[PDB]
Every structure is written in C-alpha cells, then in structure tokens.
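Engineer: My structure is below; once you've seen it, I'll send some questions.
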Amino acid sequence: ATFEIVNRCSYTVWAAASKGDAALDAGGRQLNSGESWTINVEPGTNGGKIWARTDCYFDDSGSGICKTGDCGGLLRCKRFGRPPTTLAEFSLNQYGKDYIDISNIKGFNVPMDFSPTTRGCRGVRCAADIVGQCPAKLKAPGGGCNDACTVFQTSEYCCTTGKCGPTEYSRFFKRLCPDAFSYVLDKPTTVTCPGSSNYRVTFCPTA
C-alpha cells in the first residue's frame, strides 16, 4: 500500500511511520513546507501509525531530538513517538478490509487529514486549532497539547482497567475534533476501507 505524506504546514515537519516494533519503509524523513514523501507499507500491516514531529535536530548519523513525537532520538523511527502526537492509525488487509482512523489519545501536535486515494470510503480529519485552545493543564511546554493520561497518569484517564468513561479533558478533544478518538473507549470513528486501498496523510490540510 502506498501512503503519500504531504506537508501543507508553513513549517518543516519530520514525518514518522512505525508499527511499534519496526519502521514502516524508511520510518522517517524531513518534509519542508509543501513537500510530499510516498512510502510503501507492507500489506497486512497491523497497528501502523504515521505522525509528524516538530522542531527536530538530527546530526549526520541521524541521531538527535524532536520537541514533539520523538521516537528515541532517531530520524528513521522504529517505535512510536513521545506525546503529544496527532496519530494517523491503520490496520491493512484485516480479513479483507483496511481500517483507518485519527486519534487524539496521545494528544495533538499538528493538524491532519487521513484519506484514501483509491475508491470506496471516506477520509477523516482533525484540523481544528487544538494547540491554541488547549486547556491550561494540558499545554505541553515543549509544544502541542497532551492527553490527560500523559499528564496525570490515573486509571480513569489511561483506561487501565478497561472501564473508563469520557472526562472533561477527553471532551475537549472530542468537541474540537469529533471525528478523532478522544479517549480509549470513545465511540469508534474508525473507517472501513477496501483491502489494499492507498492513502494520503496531509499535515495542516486547511488554511
């Protein structure tokens, strides 16, 4: 499956793509404002994620640091990134279908649209200005908006026991971005696509 990753932000981002225990494709790359990076993701990829990282410095060997989304200080990510990170999430060829969604469960750093480029389903979008409206206690001093689990580490926010409900914090994400997951047991906003669809992830999809 091809994913075209497009940076429409006015700032540089460093895209990242991982399934948690491995990179997808090169796993990471700098995208200046306007650039596009097409990756190939193996069919059957389960629990893949794509995200953006901001204000990064990498040296010549591709080690450094990112203010949001850092995945162990590597340009080429092999694991998931440090919150806050808006997440494009997908599982491909799962009993004949693809599954896609956007999640705010690990916070928000950059707006995003995640859409198929082939026929038979709709995309999802989380493009509101969540960083600017972020509640005080969720603001990440390093940039972005943390989820409440990251900030407070309680069973209710982390949904440790499997029984949580919506909270004042998760309702903030859901009000700004109704089509993204706002907490673990949120009513699914996952989109079912034909197996083997292709996709575009766009950072900052709107002016």
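The residues of chain A that appear here are 23-229 by Swiss-Prot count, in order.
We read in the header that X-ray crystallography, 2.3 Å was used to get this structure.
Placed from the backbone N, Cα and C atoms, the Cβ positions cover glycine too.
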Engineer: Which one, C78, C99, is listed by Swiss-Prot as the other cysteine in the disulfide with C93?
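Structural biologist: Among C78, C99, the record in Swiss-Prot lists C99 as the disulfide partner of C93.
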Engineer: Provide the three-state secondary structure of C180 (disulfide bond) computed with DSSP.
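Structural biologist: Assignment for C180 (disulfide bond) reads helix.
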Engineer: If you run the three-state DSSP split on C78 (disulfide bond), which class comes out?
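Structural biologist: Where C78 (disulfide bond) sits, the three-state DSSP reduction gives strand.
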Engineer: For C93 (disulfide bond), which of the disulfide-bonded residues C78, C156, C186, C226 has the nearest Cα in space?
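Structural biologist: Closest by Cα: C78.
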